[PDB]
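Okay, here we've got a single chain as structure tokens, the form solved without the named molecule, with questions on binding and movement later.
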């Protein structure tokens, strides 16, 4: 005796199966997951009739379908993803100032910061798995998106995480082709060395929190040997993310889009989100806090942009 279930790798192309109800899912298909739960080892239950199961791909049809949804051939991915989903599906995603945050759980403050940031910057993702899961997170259903961010970043539920680190990972999976940053460097010896940057390196700088400061200039070690200073000529990008190791910093309403607060030490600290709406909101999972100024330990500041030229 049998029942009728659907299997997929992407959740777009379903593939109806007839399952022997006395063998396990593992023997009939392969490693198999329902709603993120591993079900490799259980026998088809009667309520499982008419439900979608994620499976690894055997067929090259499914191997191509998985690539075109996830842009990864990596065999471990779909499992690492389903593993996360099983947890993130249990997380609570409260609206907090019409933003989808995550109630703190299974160590997720950095994810909640990254997620809140990702709803305030104009980001087009390349893996359809991600672009779809995002759109859904925007609308409050954010389990899937968090699971993928974890999988795509090689992190797991419980692991601690840098926001700078988690963003660059995602920027790398985002169309930032038309992003261009022209630098200029001047040592009084080397001469006048003008670099161009495209893509992810165009929209991140580790060094100062201050977009203003970068435009004026910041001192560097330089090509020839020693003493030189580098300043932003041009920046065509829809945003830039200025990072630097946690200082104390005054955030003023209207000078910046949003920021990452980091209390504590390297790799054993707690993150909060500062966003500049009518006032400065500070978001800590499900806890909103507003304030006209904000001095605290800032490490990442996102600025909105499209085209800037120097003088």
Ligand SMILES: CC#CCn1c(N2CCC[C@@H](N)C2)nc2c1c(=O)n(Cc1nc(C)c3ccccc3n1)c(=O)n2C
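Numbering follows the first chain given and starts at 1.
Although it is not shown, the form deposited with the named molecule bound is what the next lines describe.
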Scan 189, 223, 126, 196 and let me know which has any heavy atom within 4.5 Å of the named molecule in the deposited bound form. 126
The one residue among 89, 180, 80, 71 placing a heavy atom within 4.5 Å of the named molecule in the deposited bound form is 71
Work out which of the listed stretches, 171-179, 114-122, 135-143, 94-102, brings a heavy atom within 4.5 angstroms of the named molecule in the deposited bound form. 171-179
Tell me, yes or no, whether residue 29 is in contact with the named molecule in the deposited bound form, where a contact means a heavy atom of each within 4.5 Å. no
Answer with yes or no whether residue 249 is in contact with the named molecule in the deposited bound form, where contact means some heavy atom within 4.5 Å. no
